[PDB]
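In the entry's author numbering, the protein residues as written are 5 to 172, 184 to 352. Worksheet for the structure shown next.
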Amino acid sequence: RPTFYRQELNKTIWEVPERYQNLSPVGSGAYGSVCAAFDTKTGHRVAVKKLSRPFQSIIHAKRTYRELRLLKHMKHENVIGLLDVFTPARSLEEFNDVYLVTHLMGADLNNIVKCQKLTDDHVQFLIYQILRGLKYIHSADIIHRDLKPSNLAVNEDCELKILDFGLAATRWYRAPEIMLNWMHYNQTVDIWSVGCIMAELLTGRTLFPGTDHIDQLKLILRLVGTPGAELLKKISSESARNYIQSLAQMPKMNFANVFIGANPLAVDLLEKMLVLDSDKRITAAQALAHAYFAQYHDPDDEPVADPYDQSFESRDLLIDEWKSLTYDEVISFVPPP
Ligand SMILES: CC(C)n1c(Nc2ccccc2F)nc2cnc(Oc3c(F)cccc3F)nc21
């Protein structure tokens, strides 16, 4: 066991290995707090996240386990993965804190609206990297479900990694089919969000700034138009069918209009990402093969993930069971070279 030191940072004790120096708060959430630090082993800067109250409840405990399992699996250039995982606990019985370590990027995509705007080449590069990361995640049968600019960590080289949770509205970037319920959807819900993000990078404006879930649907249909019979027939919920139809009727807009100026290949890709019908939306793999990315696409370097076991998601276990499972995963961690 390495030597650990303690430090108070904004009202909580951080207890970390001496290896991590110059802890500097980046920010917080409901699920945890993150400090930048210097890793003396590598001479690289890292992000250290201290989970907030990991075994407060079965929902905290299961989320803690899910986060550790996910982060241990992700091994891709465009997805945040794990450099280290530690606890000051020397046994199961004293295990109440979990810390996770990743490479520090320095900013997120949303705090790149500082830039004033991006050239088409920069949009191509950033969206290419998101889609490359999503290909990999999606291939493990994982769906992000909350992709937004604050979930995309970007360094000064414009390299990008997908985060599970960022600092800091979800609904602005959420797909219409999961706006009211979770009955009929797939991994392309993340593609919708990528479309929304791409639009905002090209435009400097949030595409669909809805004030609530029904206003959100309203703004969405104003762009893509009210659905025809072929989509309405797949909506189970009489409540959802009625909101969609009760707008009035709206023509699909000309994306060449709303995105004039843009590379028409960008516009064409957007029209394929922002398809209302979940079953017809382009996948991450299909999107990477689009001509918009001809400068970056290489099918030989767009890997898929090893098989990921998410059977635990179906399980209803006791806080102590989630906690033991989490502990095993901490003990079994092997750092990358
Ligand atoms: C701040 C937080 C969202 N965060 C995480 N979280 C995290 C997730 C899983 C395991 C360990 C972790 F520390 N890793 C980060 C890497 N890089 C950056 O960069 C920044 C930035 F420095 C300031 C603001 C926005 C960012 F994305 N943020 C990271």
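Quick reminder that beta carbons are idealized off the backbone N, C-alpha and C, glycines included.
What are the start and end residues of each continuous alpha helix (DSSP H) run of 4 or more residues lying completely inside the stretch 223–248, in chain order? 228–239, 244–247
Work out the CA separation of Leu-108 and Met-194 for me, nearest whole Å. Their backbone Cα atoms lie some 32 angstroms apart in a straight line.
Under 8 angstroms by Cβ, that's how I've got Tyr-103 and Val-52 pegged, so tell me the actual separation to the nearest angstrom. 6 angstroms
Residue span of the beta strand (DSSP E) that contains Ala-184, given as start and end: Element bounds for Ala-184: n/a, residue is neither H nor E.
Distance check for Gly-31 and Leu-156, CA to CA, integer angstroms please. 15 angstroms
Please confirm whether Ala-309 and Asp-124 have their CB atoms less than 8 angstroms apart. no
Out of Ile-259, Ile-146, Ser-329, state which residue places its alpha-carbon closest to the alpha-carbon of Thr-241. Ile-259
Is any non-hydrogen atom of ligand 1 found closer than 7 angstroms to the C-beta of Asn-14, if you look at the structure I gave you? Not under cutoff, so the answer is no.
Taking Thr-218 as part of the alpha helix (DSSP H), name the residues at either end of that continuous run. 204–218
CB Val-204 to CB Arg-149, shorter than 8 angstroms? yes
Any heavy atom of ligand 1 closer than 7 angstroms to the beta-carbon of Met-109? yes
Beta-carbon separation (whole angstroms), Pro-6 vs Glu-22, contact threshold 8 angstroms: 6 angstroms
With which residues is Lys-118 paired in a DSSP beta bridge? DSSP, once it has assigned bridges, lists no residue as partnering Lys-118.
Classify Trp-337 as buried or exposed, calling it buried when 16 or more other Cβ atoms lie within 10 Å of its own Cβ. So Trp-337 ends up on the buried side.
With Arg-73 as the anchor, note down where its alpha helix (DSSP H) starts and where it stops. 62–77
What do you reckon, is the C-beta of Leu-72 under 7 angstroms from a heavy atom of ligand 1? no
Between the CA atoms of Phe-223 and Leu-232 - distance to the nearest angstrom: Rounded to whole angstroms, the gap between the alpha carbons of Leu-232 and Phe-223 is 9 angstroms.
Cβ of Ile-84 within 7 angstroms of any heavy atom in ligand 1? yes
Beta-carbon within less than 8 angstroms of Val-83's beta-carbon, same chain only, minus the 5 sequence neighbours each way: which residues are those? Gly-137, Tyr-140, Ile-141, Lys-165, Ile-166
On the criterion of 16 or more Cβ atoms from any shown chain inside 10 Å, does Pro-58 qualify as buried, or is it exposed? buried
Which partner residues of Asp-88 appear in the DSSP bridge assignment? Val-105
Rank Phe-274, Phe-270, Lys-267, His-228 by C-alpha distance to the C-alpha of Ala-255 and give the top, closest one. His-228
Alpha carbon to alpha carbon, how far is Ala-271 from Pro-279? Give it in angstroms, no decimals. 7 angstroms
Buried or exposed (CB count within 10 angstroms, at least 16 for buried), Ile-63: exposed
Please report the Cβ distance between residue 182 and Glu-192, rounded to the nearest whole angstrom; I am assuming they are in contact, meaning their Cβ atoms lie under 8 angstroms. For the chain, the structure lists 172 followed at once by 184, and that leaves residue 182 out of the model.
Quick check on this structure: which residue in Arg-73, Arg-94, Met-78 has the alpha carbon closest to the alpha carbon of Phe-8? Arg-94
Identify every run of the alpha helix (DSSP H) within the stretch 275–310, keeping only runs that are complete inside it and at least 4 residues long; order them along the chain. Runs found: 279–288, 299–303.
Between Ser-339, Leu-122, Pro-351, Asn-14, which lies nearest to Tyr-69 when the distance is taken from Cα to Cα? Nearest C-alpha to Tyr-69: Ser-339.
Residue 355 and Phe-274 closer than 8 angstroms at C-beta: Lying outside 5 to 352, the shown extent of the chain, residue 355 is not represented and no answer is given.
From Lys-45, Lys-66, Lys-118, pick the residue whose C-alpha is nearest to that of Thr-341; which is it? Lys-66
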